[PDB]
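Worksheet: one structure, shown below.
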Amino acid sequence: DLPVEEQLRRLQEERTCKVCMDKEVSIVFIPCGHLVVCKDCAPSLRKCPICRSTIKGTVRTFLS
Amino acid sequence: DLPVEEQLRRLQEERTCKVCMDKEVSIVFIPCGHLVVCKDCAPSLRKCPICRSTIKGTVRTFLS
Amino acid sequence: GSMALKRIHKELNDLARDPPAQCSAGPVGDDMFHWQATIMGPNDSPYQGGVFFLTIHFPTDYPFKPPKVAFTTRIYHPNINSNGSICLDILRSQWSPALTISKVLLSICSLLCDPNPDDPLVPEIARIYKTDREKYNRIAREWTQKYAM
Amino acid sequence: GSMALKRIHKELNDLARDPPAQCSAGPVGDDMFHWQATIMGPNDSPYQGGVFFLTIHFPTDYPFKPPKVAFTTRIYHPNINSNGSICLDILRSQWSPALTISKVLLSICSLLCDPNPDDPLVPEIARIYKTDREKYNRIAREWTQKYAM
Ligand SMILES: [Zn+2]
Ligand SMILES: [Zn+2]
Ligand SMILES: [Zn+2]
Ligand SMILES: [Zn+2]
């Protein structure tokens, strides 16, 4: 934690999708449990990009 | 979005547990899909605090 | 602490940053679980002008149980009894840990601005309120005069 | 765009804020998909001093496919062929969209610092490297002299 900016650049960067890196993460992978991509990027993936664990489902997150 | 501080106070506040409001949220509710409490607060709850939908399970999130 | 403790400390510490519009609260002694709120009679209710004081008492297992809140000040409102108790949904059945002391004060305020038809705590007052606001508000402001300010 | 496009724009825009230690890259023309990196021969490799240039080519469906990267500069390394191609895990089988152009450059750097035993792209070089570093590094720096700087 160092003054003015960041975390903020970094905080948002921890919260943004890991592949389009534009849209905010929304989807937990089944079974690997990573909350690491946005709704849109998911379909194009067979394996979770983080641990190469293969995706078998999704849970959607509602930060409401 | 207004200068210096916030979102940051607010950004963290969107990301912190909704009941202990100390620990960071980690748990998606089943079936209501809310990612809104930390691992620790969960057990003490029957219904998701947001929509009074009753909890029937949890998915753990790994922001790794 | 904690946990209610470390929670309530944030509660308080936040209510400082962003107080709810019409009022403020806080610990009375070092007992963080016994609080006193002062609520500043909201404009365009028939309580404007007068000041009102409430007593907050956090249960030891707050936030999972709702806090005990009741006016020490006298007040004319169909949903508040002659002994001070408040008749509010969240205070009882609808409570959720997700919601803060700050947030309850607000709903109390809005309750003073808009009382209820199905809830009548004091049926004496409710009936006058139902279809005779004219009369109601007079006694409402009258009490504000006498006891609030 | 996009999407590779709007992605690559961030890539680039970030590589400006936080460039990977030893190097920099960017678009050559307005074709955002054809990039040129310059990598500044890392200290305590036998390539220190000399400068190296690489060519980056993003597939149209990047990030789901890995980018095409190959040295235009000449270099003596068991995992880089006489035609420029790089022999790196992420460049092929291990690629993941989660990882950035920035991140690949880094691993290239670290590859120059530490070549491989099972991977030998050029078996000619690997053998000399295996248990005769003495000799290896001489030719390594020698080439750095001749072609890199
Ligand atoms: Zn995405
Ligand atoms: Zn994973
Ligand atoms: Zn919690
Ligand atoms: Zn819910």
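For the structure tokens, the naming scheme is as follows: chains receive sequential letters (A, B, ...) according to their order of presentation, residues are indexed from 1 within each chain, and ligands are indexed from 1 in presentation order.
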Checklist entry - DSSP on the backbone: what in chain A comes out helix (DSSP H, G or I), as a list in words? => result residues 9, 10, 11, 12, 13, 14, 15, 42, 43 and 44 of chain A
Item to check | Within 7 Å of ligand 3, counting only C-alpha atoms and all ligand atoms, residues as a PyMOL selection string | outcome: chain B and resi 17-23+25+37-41
Next on the checklist: Need to verify the contact set: residue 12 in chain C, 9 Å, only C-alpha atoms, exclusion of same-chain residues closer than 3 positions in sequence. Can you return it as a ChimeraX atom specification?
Outcome noted: /C:7-9,15-16,25-27,101-102
Selection above as a file: N, CA, C and O atoms, as a PDB file, in the first residue's frame:
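Wrote out.pdb, looks like this:
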```pdb
ATOM      1  N   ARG C   7     -17.443  -5.003  15.064  1.00  0.00           N
ATOM      2  CA  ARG C   7     -18.499  -4.575  14.138  1.00  0.00           C
ATOM      3  C   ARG C   7     -19.057  -3.197  14.500  1.00  0.00           C
ATOM      4  O   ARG C   7     -19.043  -2.285  13.676  1.00  0.00           O
ATOM      5  N   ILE C   8     -19.541  -3.065  15.735  1.00  0.00           N
ATOM      6  CA  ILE C   8     -20.156  -1.832  16.225  1.00  0.00           C
ATOM      7  C   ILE C   8     -19.187  -0.669  16.161  1.00  0.00           C
ATOM      8  O   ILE C   8     -19.589   0.454  15.879  1.00  0.00           O
ATOM      9  N   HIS C   9     -17.911  -0.942  16.398  1.00  0.00           N
ATOM     10  CA  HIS C   9     -16.884   0.082  16.261  1.00  0.00           C
ATOM     11  C   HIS C   9     -16.819   0.658  14.854  1.00  0.00           C
ATOM     12  O   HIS C   9     -16.669   1.870  14.686  1.00  0.00           O
ATOM     13  N   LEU C  15     -20.778   5.970  10.841  1.00  0.00           N
ATOM     14  CA  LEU C  15     -21.819   6.934  11.135  1.00  0.00           C
ATOM     15  C   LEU C  15     -21.232   8.329  11.351  1.00  0.00           C
ATOM     16  O   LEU C  15     -21.937   9.323  11.239  1.00  0.00           O
ATOM     17  N   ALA C  16     -19.940   8.399  11.658  1.00  0.00           N
ATOM     18  CA  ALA C  16     -19.239   9.676  11.719  1.00  0.00           C
ATOM     19  C   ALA C  16     -18.984  10.214  10.310  1.00  0.00           C
ATOM     20  O   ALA C  16     -19.322  11.361  10.020  1.00  0.00           O
ATOM     21  N   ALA C  25     -26.050   9.424  16.658  1.00  0.00           N
ATOM     22  CA  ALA C  25     -26.065   8.506  17.787  1.00  0.00           C
ATOM     23  C   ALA C  25     -24.641   8.236  18.267  1.00  0.00           C
ATOM     24  O   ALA C  25     -23.672   8.785  17.726  1.00  0.00           O
ATOM     25  N   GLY C  26     -24.526   7.388  19.286  1.00  0.00           N
ATOM     26  CA  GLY C  26     -23.232   7.022  19.848  1.00  0.00           C
ATOM     27  C   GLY C  26     -23.330   6.324  21.192  1.00  0.00           C
ATOM     28  O   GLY C  26     -24.418   6.234  21.772  1.00  0.00           O
ATOM     29  N   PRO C  27     -22.187   5.823  21.700  1.00  0.00           N
ATOM     30  CA  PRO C  27     -22.172   5.183  23.000  1.00  0.00           C
ATOM     31  C   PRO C  27     -22.437   6.217  24.072  1.00  0.00           C
ATOM     32  O   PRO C  27     -22.061   7.382  23.915  1.00  0.00           O
ATOM     33  N   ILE C 101     -27.260   0.199  12.110  1.00  0.00           N
ATOM     34  CA  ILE C 101     -27.930   1.147  13.001  1.00  0.00           C
ATOM     35  C   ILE C 101     -28.277   2.437  12.259  1.00  0.00           C
ATOM     36  O   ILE C 101     -29.398   2.947  12.348  1.00  0.00           O
ATOM     37  N   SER C 102     -27.303   2.942  11.511  1.00  0.00           N
ATOM     38  CA  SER C 102     -27.508   4.086  10.656  1.00  0.00           C
ATOM     39  C   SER C 102     -28.795   3.899   9.847  1.00  0.00           C
ATOM     40  O   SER C 102     -29.669   4.768   9.840  1.00  0.00           O
TER      41      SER C 102
END
```
Cut-off 12 Å: closest chain A/ligand 4 atom pairs per residue, using only C-alpha atoms and all ligand atoms, as CSV:
```
residue,atom,partner,partner_atom_place_in_ligand_line,distance
A:61,CA,ligand 4,1 (Zn),10.4
A:62,CA,ligand 4,1 (Zn),8.2
A:63,CA,ligand 4,1 (Zn),9.4
A:64,CA,ligand 4,1 (Zn),8.3
```
Next on the checklist: Under the rule that only C-alpha atoms are counted, which of C:129, C:76, C:64, C:143 is the nearest residue to chain B?
Outcome noted: C:64
Checklist entry - In Å to one decimal, how far is CA of residue 35 in chain A from CA of residue 2 in chain A? => result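 So the answer is 26.2 Å.
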Next on the checklist: Neighbours of ligand 2 at 10 Å or closer, counting only C-alpha atoms and all ligand atoms: which residues, as a VMD selection string?
Outcome noted: (chain A and resid 28 to 36 47 to 55) or (chain B and resid 62 to 64)
Residue selection dump (C-alpha atoms) as a PDB file, in the first residue's frame:
```pdb
ATOM      1  CA  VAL A  28     -17.095 -18.768 -10.477  1.00  0.00           C
ATOM      2  CA  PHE A  29     -15.793 -21.845 -12.293  1.00  0.00           C
ATOM      3  CA  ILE A  30     -17.026 -25.340 -11.506  1.00  0.00           C
ATOM      4  CA  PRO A  31     -15.175 -27.166 -10.065  1.00  0.00           C
ATOM      5  CA  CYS A  32     -11.988 -25.116  -9.790  1.00  0.00           C
ATOM      6  CA  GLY A  33     -13.751 -22.325  -7.923  1.00  0.00           C
ATOM      7  CA  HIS A  34     -11.935 -19.459  -9.599  1.00  0.00           C
ATOM      8  CA  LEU A  35     -13.817 -16.172  -9.829  1.00  0.00           C
ATOM      9  CA  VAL A  36     -11.605 -14.884 -12.575  1.00  0.00           C
ATOM     10  CA  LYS A  47      -9.880 -24.957 -18.973  1.00  0.00           C
ATOM     11  CA  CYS A  48      -9.723 -22.303 -16.307  1.00  0.00           C
ATOM     12  CA  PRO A  49      -6.931 -19.976 -17.429  1.00  0.00           C
ATOM     13  CA  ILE A  50      -5.372 -19.914 -13.959  1.00  0.00           C
ATOM     14  CA  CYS A  51      -5.035 -23.541 -12.926  1.00  0.00           C
ATOM     15  CA  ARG A  52      -5.357 -25.498 -16.140  1.00  0.00           C
ATOM     16  CA  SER A  53      -8.209 -27.336 -14.425  1.00  0.00           C
ATOM     17  CA  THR A  54     -10.904 -28.066 -16.966  1.00  0.00           C
ATOM     18  CA  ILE A  55     -14.215 -26.210 -16.553  1.00  0.00           C
TER      19      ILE A  55
ATOM     20  CA  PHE B  62     -10.669 -18.417  -5.176  1.00  0.00           C
ATOM     21  CA  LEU B  63      -9.546 -15.083  -6.573  1.00  0.00           C
ATOM     22  CA  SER B  64      -6.069 -16.621  -7.077  1.00  0.00           C
TER      23      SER B  64
END
```
Checklist entry - How would you write, as a list in words, the set of residues in chain B that DSSP gives as strand (DSSP E)? => result residues 27, 28, 29, 30, 35, 36, 37, 57, 58, 59 and 60 of chain B
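Interatomic distance, CA of residue 77 in chain C to CA of residue 111 in chain C: 9.3 Å.
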Next on the checklist: I want to know what sits within 8 Å of residue 126 in chain C, based on only C-alpha atoms, with residues of the same chain fewer than 6 positions away left out; could you give that as a PyMOL selection string?
Outcome noted: chain C and resi 78+116-117+120
With the cut-off set at 7 Å and counting only C-alpha atoms, tabulate each residue of chain C with an atom at most that distance from an atom of chain B, showing the nearest atom pair and its distance in Å to one decimal, ordered by chain and increasing number, as a tab-separated table.
```
residue	atom	partner	partner_atom	distance
C:7	CA	B:20	CA	5.8
C:63	CA	B:19	CA	6.9
C:96	CA	B:49	CA	5.7
C:97	CA	B:19	CA	5.6
C:98	CA	B:19	CA	5.3
```
